[PDB]
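**Student:** Here it is, the structure in full.
Number of protein chains: 2
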Amino acid sequence: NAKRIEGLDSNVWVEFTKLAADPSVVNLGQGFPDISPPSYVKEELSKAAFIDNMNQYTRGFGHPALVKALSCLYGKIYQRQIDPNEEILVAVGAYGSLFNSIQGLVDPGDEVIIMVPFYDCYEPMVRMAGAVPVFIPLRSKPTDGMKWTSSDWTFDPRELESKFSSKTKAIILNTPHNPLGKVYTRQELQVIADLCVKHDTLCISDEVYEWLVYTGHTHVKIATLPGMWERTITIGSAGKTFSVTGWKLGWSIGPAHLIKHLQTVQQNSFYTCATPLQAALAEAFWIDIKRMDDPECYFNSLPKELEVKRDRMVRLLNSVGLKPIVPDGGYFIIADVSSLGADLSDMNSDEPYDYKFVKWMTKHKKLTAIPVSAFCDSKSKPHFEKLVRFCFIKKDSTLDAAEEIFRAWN
Amino acid sequence: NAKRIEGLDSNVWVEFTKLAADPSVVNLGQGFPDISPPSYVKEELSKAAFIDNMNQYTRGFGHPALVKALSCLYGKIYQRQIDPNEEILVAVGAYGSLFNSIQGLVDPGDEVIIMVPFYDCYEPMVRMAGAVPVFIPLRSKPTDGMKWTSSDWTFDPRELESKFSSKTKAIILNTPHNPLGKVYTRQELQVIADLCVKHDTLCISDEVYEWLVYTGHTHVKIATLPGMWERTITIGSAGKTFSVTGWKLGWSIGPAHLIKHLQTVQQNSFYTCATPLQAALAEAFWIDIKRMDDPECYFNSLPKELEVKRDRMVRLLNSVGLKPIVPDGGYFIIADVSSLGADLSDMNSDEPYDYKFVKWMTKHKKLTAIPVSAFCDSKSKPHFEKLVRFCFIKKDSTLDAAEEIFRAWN
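Those protein sequence lines, which keep their order, are chains S and W.
Residue numbering for the first sequence follows this note's numbering, starting at 3 and increasing by one per position.
Residue numbering for the second sequence follows this note's numbering, starting at 3 and increasing by one per position.
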């Protein structure tokens, strides 16, 4: 195997799917919606499938109708003109976008800052570019009194400074955050922008859950903050925008001198994406660009729908003294499990507690989730290993089944 | 802009798509079927669209139905039990497969051998892995007196042998060849396997047009030669197979200890591929696999529709003094251009003769084509720049419109 990939062959995120394969279990694990996508997203596929051209190659950098749509959606959010051809790159997921960003922008020996826990591909994505990932964790503050929330987690600004050096090339920001659910604040974003400008680094901002933010919170885009347009790549996703995780396209959006470089990675990698998916996506974005101010719009209705289910899931969790972190955004909830009956002394690896715990819960209670340590670097895992992550972008009947389970815990 | 991508951002093909700016030209340049896809290919895409589960994530290394069908198709071909999870990987086109193969197997400073002219990604992919492309031209043999054909082009075994050394990681082999349309012979495939075996190198084999062989030729897979299974990666295409160029789905078939490395690249790049494209393809495949021996099998009915379009195209090319090279396979025809009017004083700013001619024929005849020099290392262009590539996977209307142009060529 070539050197750029030594020790990056880690899938336990296969195991977590072995686990869940047994069909009398309730899968609250991987981030797999089981609600219907919006009809008209399905309709538009079918319609693109019957148009010959749409089954043939389109533009490398993104189907013109898709980037036209994007440029006008994000145009509105940025409060500024976004240039469909030079400032957008369409890629294979947000996943490929992160890859474009890092591969196009990051060199052997460079430092990339990663806030722990992270979406798990950041790390390995950095090591493959031959760069040094540099970790700093989220830490929790005292509560309000009532609930534990996503907002109760933050970073220490001074600790953050201390991470930047002449070697820092970039920092990777994920907001809404996976797995926390944290929606960053304008104060929290301005500490990070301060340092990127102060230090002339980039920022890769992974905002695929931009629409999924709940009440009391707001998505702010660090790329809109003074000095950051020039230095930010902001990445979005079809899959999370429209609950069609299987469509795998996403977008990078930022300046031409940066999206230049992303563009060359894509050109020399896979070249182009699928045409019908993009054609149909572009229609969906249109269907939904035009009603932004209505609640019929998917950008509004979805998060309204998911908030109810978030709340139903905290309660469920609470009802066994799993200790939930009410998230501000996205569609995962994390729960401390330690106050339950530590039950695992007779499982005899040295996997972290949460792997062992999630295994136990899978065996005994018939529910799976994701151990938070999966989202952590190795020196980081012990500070996170009583934490376990559940996903709620599910249909009632699934939350029903899980309701069934939690009721009969003891 | 990362060192890995230093100058790798030239896309001469943006400029070509400029010439295929209508103003009403018959566009014979780029591999862009404008026949319709098979009707059931389209049918299954929509069926898929309406199933909710086929819009969500699937096996990262390949939709399971799909790797099942690949395994059963290619096991029929290889004469062997091919393991659908460990010997296949589904990637974003052949294009992504090559990328996988190179990134996951080639190190900085390895040498990779490439046949000129070559599908034009080969060079930048190798260069992006920091390896050194080593080139060796295809050369003409005396013709049989009657016609120029792709098999009048071959390699010198002794020249090839001398390109191997101890830095050679691999040779990239493409058959049927793009752009010659050459179907490598057993004898030629044998010389490569000898050198691979004796030198312990890999062969990455690009066989996307593998079903497009015309009368008097068979596709033989080097991976099936004694000793080549263990050293070969062999790549196929949904785009080329089903005439759906915009679906960008390809696959690598080969031994576990090689696939795992491609799997690793794929897992740290794009991860999973569109569920719905892959659901539908699987069913496209099953449909054709059950009629392999029948003339309705798309695998049989396509080459045969095409041979006729080819022979139509040779006539037309001859009609007009463009000396064509009848291809044994694939759907491009190359034509020697040298002996018309040379006619190009408007220009000769000396970028390559073929480019100037393609520009001319666009302006004055409203036919576009692709200058073969564009598939050549810089040191090779002079040997190939009177050569021009035309595409013939075209509907009758389109070839019709081509007749009117050659017919009027005079």
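A virtual CB, placed ideally from N, CA and C, is assigned to each residue, including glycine.
Is the segment 297 to 310 of chain S close to the segment 78 to 89 of chain S, with three or more CB pairs under 8 Å?
**Tutor:** no
**Student:** Return the residue from the list S:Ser341, S:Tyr357, S:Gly183 and S:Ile173 that minimises the CA-CA distance to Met127 of chain S.
**Tutor:** For the purposes of this step, residue 127 of chain S is taken as the residue at position 125 of the first sequence. Answer by Cα proximity: S:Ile173.
**Student:** Pick helix, strand or coil for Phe272 of chain W, following the three-state DSSP scheme.
**Tutor:** Locating residue 272 of chain W in the second sequence gives position 270, where the first residue counts as 1. Here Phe272 of chain W sits in coil by DSSP.
**Student:** Could you check the C-alpha separation between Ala93 of chain W and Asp54 of chain S for me, to the nearest Å?
**Tutor:** Here residue 93 of chain W is taken as the residue at index 91 of the second sequence, counted from 1. Here residue 54 of chain S is taken as the residue at index 52 of the first sequence, counted from 1. Taking the straight line joining both Cα atoms gives about 23 Å.
**Student:** Could you please tell me which residues of the segment 47 to 62 of chain S, in chain order, have their CB closer than 7 Å to any CB of chain W?
**Tutor:** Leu47, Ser48, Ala51, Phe52, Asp54, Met56, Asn57, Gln58, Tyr59 and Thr60
**Student:** Provide the residue(s) that pair with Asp338 of chain W in DSSP beta bridges, ordered along the chain.
**Tutor:** For the purposes of this step, residue 338 of chain W is taken as residue 336 along the second sequence, with counting starting at 1. W:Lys325 and W:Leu389.
**Student:** Quick check: is the beta carbon of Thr236 of chain S nearer than 7 Å to any beta carbon in chain W?
**Tutor:** The sequence position of residue 236 of chain S within the first sequence is 234, counting from 1. So, not an interface residue.
**Student:** Could you work out which residue in W:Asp24, W:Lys49, W:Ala286 and W:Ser207 is closest to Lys70 of chain W when comparing CA atoms only?
**Tutor:** Translated into the one-based positions of the second sequence, residue 70 of chain W becomes position 68. Residue W:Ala286 is the option with its Cα nearest to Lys70 of chain W.
**Student:** What does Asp109 of chain W reach in chain S if we use C-beta pairs closer than 9 Å?
**Tutor:** Within the second sequence, residue 109 of chain W is the residue found at index 107, counting from 1. Here the neighbours are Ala4, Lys5 and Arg6.
**Student:** Within 10 angstroms of the Cβ of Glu387 of chain S, are there 16 or more other Cβ atoms? Answer buried if so, exposed if not.
**Tutor:** For the purposes of this step, residue 387 of chain S is taken as residue 385 along the first sequence, with counting starting at 1. By the neighbour-count rule (16 or more Cβ atoms within 10 Å), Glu387 of chain S is buried.
**Student:** Would you verify that the beta carbon of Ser271 of chain W is, or is not, closer than 7 Å to some beta carbon of chain S?
**Tutor:** Indexing the second sequence from 1 puts residue 271 of chain W at position 269. Taking Cβ atoms only, chain S reaches closer than 7 Å to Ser271 of chain W, which makes this a yes.
**Student:** Any C-beta of chain C sitting closer than 7 Å to the C-beta of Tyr124 of chain W?
**Tutor:** Checking the listed chains, one finds no chain C in this structure; the protein chains it contains are S and W.
**Student:** Using alpha carbons as the reference points, say which of W:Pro159, W:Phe408, W:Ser152 and W:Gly147 lies closest to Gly323 of chain W.
**Tutor:** Position 321 of the second sequence, counted from the first residue, corresponds to residue 323 of chain W. Cα-wise, what sits closest to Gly323 of chain W is W:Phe408.
**Student:** If you draw a straight line from the alpha carbon of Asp146 of chain S to that of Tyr124 of chain S, how long is it in whole angstroms?
**Tutor:** Stepping through the first sequence from its first residue, residue 146 of chain S is reached at position 144. Stepping through the first sequence from its first residue, residue 124 of chain S is reached at position 122. Each residue's Cα considered, the two are about 32 Å apart.
**Student:** Report the rounded CA-to-CA distance for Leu389 of chain S versus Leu319 of chain S, giving the unit in angstroms.
**Tutor:** If you number the first sequence from 1, residue 389 of chain S lands on position 387. If you number the first sequence from 1, residue 319 of chain S lands on position 317. Those two C-alpha atoms are separated by around 13 Å.
**Student:** How about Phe101 of chain S and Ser382 of chain S: are their beta carbons less than 7 Å apart?
**Tutor:** As a position in the first sequence, residue 101 of chain S is number 99, starting the count at 1. As a position in the first sequence, residue 382 of chain S is number 380, starting the count at 1. Cβ atoms of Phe101 of chain S and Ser382 of chain S: not closer than 7 Å.
**Student:** Excluding the 5 residues preceding and the 5 following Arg293 of chain S in the sequence, name in chain order all residues of the same chain whose CB lies nearer than 6 Å to its CB.
**Tutor:** Here residue 293 of chain S refers to the residue found at position 291 of the first sequence. Same-chain partners within the cutoff: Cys299.
**Student:** Please determine, among S:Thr277, S:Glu405, S:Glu406 and S:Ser271, the residue with the shortest C-alpha to C-alpha distance to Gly106 of chain S.
**Tutor:** Mapped onto the first sequence, residue 106 of chain S falls at position 104. Closest option to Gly106 of chain S, Cα to Cα, is S:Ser271.
**Student:** Could you name the residues of chain W that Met130 of chain S contacts, counting a contact when the two beta carbons are closer than 8 Å?
**Tutor:** Residue 130 of chain S sits at position 128 when you count from the first residue of the first sequence. Under the 8 Å cutoff, chain W gives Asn270.
**Student:** Whose Cβ in chain W lies nearer than 7 Å to the Cβ of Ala276 of chain S?
**Tutor:** Here residue 276 of chain S refers to the residue found at position 274 when the first sequence is read from its first residue. Against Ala276 of chain S, the close residues of chain W are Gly248, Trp249, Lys250, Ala276 and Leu279, in the order they occur along the chain (beta-carbon pairs closer than 7 Å).
**Student:** Thinking C-beta only, is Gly241 of chain S closer than 7 Å to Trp249 of chain S?
**Tutor:** As a working mapping, residue 249 of chain S is identified with position 247 in the first sequence. As a working mapping, residue 241 of chain S is identified with position 239 in the first sequence. Going by C-beta atoms, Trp249 of chain S is nearer than 7 Å to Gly241 of chain S.
**Student:** Return the CA-CA distance between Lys200 of chain W and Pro181 of chain W, expressed in angstroms with no decimal places.
**Tutor:** Residue mapping note: residue 200 of chain W aligns to position 198 of the second sequence, counting from 1. Residue mapping note: residue 181 of chain W aligns to position 179 of the second sequence, counting from 1. Near 29 Å, if we compare the C-alpha coordinates of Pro181 of chain W and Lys200 of chain W.
**Student:** Hey, could you find the ends of the beta strand (DSSP E) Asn176 of chain S is sitting in?
**Tutor:** On the first sequence, residue 176 of chain S is found 174 positions in, with the first residue counted as 1. For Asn176 of chain S, the enclosing beta strand (DSSP E) stretches over residues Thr170 to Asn176.
**Student:** For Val215 of chain S, collect the residues of the same chain with a Cβ closer than 7 Å to its Cβ; drop the 5 residues on either side in sequence, then sort them by chain order.
**Tutor:** Taking the first sequence and counting its residues from 1, one reaches residue 215 of chain S at position 213. For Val215 of chain S, where only same-chain residues beyond five positions count, the Cβ hits under 7 Å are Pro178, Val185, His221, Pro305, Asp330 and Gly331.
**Student:** Per the DSSP calculation, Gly252 of chain S is bridged to which residue(s)?
**Tutor:** Within the first sequence, the letter at position 250 stands for residue 252 of chain S. In DSSP, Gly252 of chain S forms a bridge with S:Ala93 and S:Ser239.
**Student:** Is any beta-carbon of chain S found at less than 7 Å from that of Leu283 of chain W?
**Tutor:** Here residue 283 of chain W corresponds to residue number 281 of the second sequence, with the count starting at 1. Not one chain S Cβ lies under 7 Å of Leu283 of chain W.
**Student:** With respect to the alpha helix (DSSP H) encompassing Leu204 of chain W, which residues constitute its N-terminal and C-terminal limits?
**Tutor:** Start at 1 with the first residue of the second sequence, and residue 204 of chain W comes out as number 202. Element bounds for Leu204 of chain W: not the alpha helix (DSSP H) but the beta strand (DSSP E), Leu204 to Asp208.
**Student:** So which of W:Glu163, W:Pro25 and W:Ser254 has the shortest CA-CA distance to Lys367 of chain W?
**Tutor:** On the second sequence, position 365 is the one that residue 367 of chain W refers to. Checking every option, the nearest Cα to that of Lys367 of chain W belongs to W:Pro25.
**Student:** Using 7 Å as the limit for Cβ to Cβ distance, is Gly98 of chain S near chain W?
**Tutor:** The residue you call residue 98 of chain S lines up with position 96 of the first sequence. By the rule that beta-carbons nearer than 7 Å mark a contact, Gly98 of chain S touches chain W.
**Student:** Which same chain residues, not among the five before or five after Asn29 of chain S, have their C-beta less than 6 Å away from its C-beta?
**Tutor:** For the purposes of this step, residue 29 of chain S is identified with residue 27 of the first sequence, where counting begins at 1. Excluding residues within five positions, the ones whose Cβ falls inside 6 Å are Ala22 and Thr370.
**Student:** With a threshold of 7 Å between beta-carbons, can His263 of chain W be considered close to chain S, or not?
**Tutor:** Mapped onto the second sequence, residue 263 of chain W falls at position 261. It does: the Cβ of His263 of chain W has a partner Cβ on chain S nearer than 7 Å.
**Student:** Quick check on this structure: which residue in W:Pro119, W:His259 and W:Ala376 has the alpha carbon closest to the alpha carbon of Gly31 of chain W?
**Tutor:** Position 29 of the second sequence, counted from the start, is the residue given in the question as residue 31 of chain W. That would be W:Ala376, whose Cα lies nearest to the Cα of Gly31 of chain W.
**Student:** Locate the beta strand (DSSP E) running through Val136 of chain S, then write down its first and last residues.
**Tutor:** The count along the first sequence starts at 1 and reaches residue 136 of chain S at position 134. Run containing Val136 of chain S: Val134 to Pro139, per the beta strand (DSSP E) assignment.
**Student:** How close, in whole Å, do the beta carbons of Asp208 of chain S and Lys169 of chain S come, if the pair is a contact with beta carbons under 8 Å?
**Tutor:** Taking the first residue of the first sequence as position 1, residue 208 of chain S is located at position 206. Taking the first residue of the first sequence as position 1, residue 169 of chain S is located at position 167. With 8 Å as the limit, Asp208 of chain S and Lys169 of chain S do not qualify as a contact, their Cβ atoms being about 22 Å apart.
**Student:** How far does the beta strand (DSSP E) with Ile395 of chain S in it extend, from its first residue to its last?
**Tutor:** Residue numbering aside, residue 395 of chain S sits at position 393 when the first sequence is read from its first letter. The continuous stretches of beta strand (DSSP E) do not include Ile395 of chain S, and DSSP gives it neither H nor E.
**Student:** Which chain S residues sit within Cβ distance under 7 Å of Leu10 of chain W?
**Tutor:** Within the second sequence, residue 10 of chain W is the residue found at index 8, counting from 1. Ordered by position in chain S, the residues that pass the 7 Å Cβ test against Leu10 of chain W are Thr266 and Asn270.
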